[PDB]
Every structure is written in structure tokens, then in C-alpha cells.
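Structure record follows, encoded as C-alpha cells.
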Amino acid sequence: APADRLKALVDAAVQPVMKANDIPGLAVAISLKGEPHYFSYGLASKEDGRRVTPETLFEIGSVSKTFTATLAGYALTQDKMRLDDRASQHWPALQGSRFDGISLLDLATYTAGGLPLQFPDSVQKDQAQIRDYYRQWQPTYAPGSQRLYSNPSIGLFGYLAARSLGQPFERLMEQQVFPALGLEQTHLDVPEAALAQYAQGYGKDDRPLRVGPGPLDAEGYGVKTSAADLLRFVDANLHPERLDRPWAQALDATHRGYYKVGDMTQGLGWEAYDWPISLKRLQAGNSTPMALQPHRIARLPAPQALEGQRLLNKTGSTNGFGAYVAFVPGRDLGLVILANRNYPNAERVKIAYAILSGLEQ
Ligand SMILES: *C(=O)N1C[C@H](NOS(=O)(=O)O)CC[C@H]1C(=O)NC1CCNCC1
């Protein structure tokens, strides 16, 4: 009855949304009572007929920020940086710029003062162009006052955490972070030998779409991973104490809330809500205006533990993909939903919420 019931519940949550959004392929992984459960739907590639499995690689877009946060959490534990450091402390090129007056925490939590959603199209994947971009940038408003969701913001945070560790960001993820987390199906640059696992992404008129190079891509949106590996990452988040101390502490650092905007508490990478909360409120927290518009923050008196009866989540998209991850620390429950179409966040959250509410019922 239990396996039948879980299958029935996940099918009932996924299938209508998959169909309504014409999603070619979709992978679900659920961590429940200390055990993983995988559900795979449809096609990784419509053209060659490869089916989705729990090992299929999907682009996870902005979910990458949680890995980026974990690297920064590590740097914090290596006493290599502090959240209250000025950004320019970690890149001499920034000394004398406005980044003298902006903290690593401001950068990590999108409150640096109006850094935009993306780098302008004129900024290529080029260290000098990136450096020059930040040198010339001026805040629209005071640092620490307004949240404006931003790839350049947390991208810089990740880049400076890597600088504090004395190695390139990409090398650190591949050589240290992913191995420390036990992740062998998680990549910034998918190896040729693994390309057969990499799903095709689909956009309008089913044009094929995979993510191309961009400035600070690895930091903001560049990770490709499987449902099985992303769930392993969720289980690491549920049980940091199962890893060696330095990496336990790194994960813990991403479970700390610094301010609220409406129902959402902003951590490093992770965004948190009280649990339970209505589907409509969770949808609103992950809505377009939350990503695209500035919001005045309500700063907490002290960092808040993001644990117990809370839902921690992150959405992520690329041109061709749509990912969502959610977990409830106090219930030892986690879920991953990866699709090879960018479909609205509200729809991803709807699937997740249907699964979570069915599990409690
Ligand atoms: C994350 O997936 N990003 C950044 C931002 N996230 O807002 S959210 O509510 O979707 O998580 C916007 C979309 C996405 C992003 O950076 N997409 C880019 C499209 C163009 N190619 C580079 C990735």
C-alpha cells in the first residue's frame, strides 16, 4: 500500500502539471524517513527518445546559488572571510570603488543597492569586463536597505569567496565542494563521457536550448545535476552532522536567515518560510515580482536558525529548464523537481505542495 500510495500521490501531483505545461521530461526525487524515492517521467530528448531517469542531467539554473552559498560557507569556516568584510577586501581591483562600502553579506543577499538581475548583454565572460563592470557601478539606494534579486550580486559573493580561498571558483566546486558532498553526477562543465545523460532543454516552438557561457555563470546559474545527486545535496542539508566538521559547518552557514521580505526569510542561497503556510503564499514568495522588483527588507535583530517547522527552497531556470528544490528540516523531508522546460515557478510550487500536503495526509 505505501509504495502504491506514494506513486499514486506523485503521479497525481506531476502528471496534470507536466501535461498542462507541455513538459517533455521531468524527474522527481523525494527524501522521506531517511530513504530516497525516485519518479521519472517522459523524455530527456524528444528527438532521440532518451527517457528521463534519476541519473539524467538537468540544468538547475539559480538553484546553483545554494552550492555557491555552500562554498562561501566553507570560506567562512576556513576563517578566510567574514560576512561583514567589505567586498573590495578580497579583490584589489575593486579598491577605491563603491565596493569599499558594500559587505559580503549585502552581496550574498541582494541588498548591495540595486545590482541588476543580470549583467548587461555587453558584459561578456571576461575577467576584465567583469572587473570594469563592478568598478563603474553605482548603487541606486543605500546598501542593506532593499532586496533586488541579482546574478551579479551573489555572483560577486561567490567569486570573492573563491578569491579568499586562493583558487578559481570553478576549480573549487569540481575539486573540493562536489566531492566533499559525495556528488559524482554534478557538473559545471559536463564531461564528454557524460553527455549522453544531459537532457535537451526546450523553449518556444520546442527550439532546443542549453545554457551557454556568461559572466559568473558558474556562481549564479551554471550547475547541471541529476535528481539523485540534487537529492543527495538535500540530504546533506537535512543532516549536515553526517559530513566531516568543515563541511558540516559550511552547510550550517546556509541555514541562517538575515532579514524578511513578506513571508520569506533570506538565507545564503536558501529562502525560508514558516511551515505550514498556504500554497498561494509560497507561490507569491516565488513569483515574478519577487525576482524582478526591489523590496524593502525587515532586518532581523540577530541571524535566525532556519530549522524546525520551516520550508527552505530555491527555484531555478535557464532558457530551456525549470528546477525547484524544497525541504523541511524539522520533518526530515526533502524534494527535488527537475524539468526540461522553463515553466512558471507557481506551477513547480503547485507540484511540490501537492506532494507535501499528501505526505502529511
Ligand atoms: C535563476 O534561475 N536565474 C536568475 C533569476 N532567478 O529568478 S527565479 O525566480 O527564476 O529563480 C532569473 C532566471 C534565472 C537566470 O539567470 N536565467 C538566465 C537566462 C539567460 N541565460 C542565463 C540564465
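Start at 1 with the first residue, then count along the sequence. One-based numbering, in listed order, for ligands and for the atoms of each.
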- Dump the intermediate steps for side-chain hydrogen bond (donor to acceptor under 3.5 Å, both in side chains) on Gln124 and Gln129, then the final yes or no. CA-CA 7 Å; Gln124 297 168 331; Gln129 292 187 35; 2.8 Å; yes
For [atom], which protein heavy atom lies nearest, and how many Å away is it?
atom                    : answer
atom 11 (O) of ligand 1 : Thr315 OG1, 2.8 Å
atom 4 (C) of ligand 1  : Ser62 OG, 2.8 Å
atom 18 (C) of ligand 1 : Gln118 NE2, 3.7 Å

With no hydrogens and no angle check, do the side chains of [X] and [Y] hold a donor and an acceptor under 3.5 Å apart?
X      : Y      : value
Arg147 : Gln266 : yes
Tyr221 : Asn151 : no
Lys65  : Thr68  : no

- Message: Could you work out, for atom 12 (C) of ligand 1, the closest of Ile60, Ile154, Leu117, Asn345 by heavy-atom distance?
- Response: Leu117
- Which is closest to atom 7 (O) of ligand 1 by heavy-atom distance: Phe321, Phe119, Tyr149? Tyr149
- Query: Can you check whether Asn151 has an N/O within less than 3.5 Å of an N/O in ligand 1?
  - Reply: yes
Check each atom of ligand 1 against the heavy atoms of [X] and keep those under 4.0 Å away; list them by number with element.
X      : value
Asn319 : 19 (C), 20 (C)
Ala291 : 7 (O), 9 (O)
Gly316 : 2 (O)
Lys314 : 11 (O)

- Could you tell me whether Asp332 and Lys33 have a side-chain N and a carboxylate O separated by less than 4.0 Å? no
- Task: Would you indicate whether the side-chain heavy atoms of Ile154 and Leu216 approach each other to under 4.5 Å?
- Result: no
- Item | Test item: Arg232 and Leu183 side chains (from C-beta on) under 4.5 Å apart, heavy atoms | yes
- Message: Please confirm whether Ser317 approaches ligand 1 to less than 4.0 Å, judged on its heavy atoms.
- Response: yes
- Looking at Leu335, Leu230, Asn313, which one forms a side chain to side chain contact (heavy atoms under 4.5 Å, CB included) with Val325? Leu230
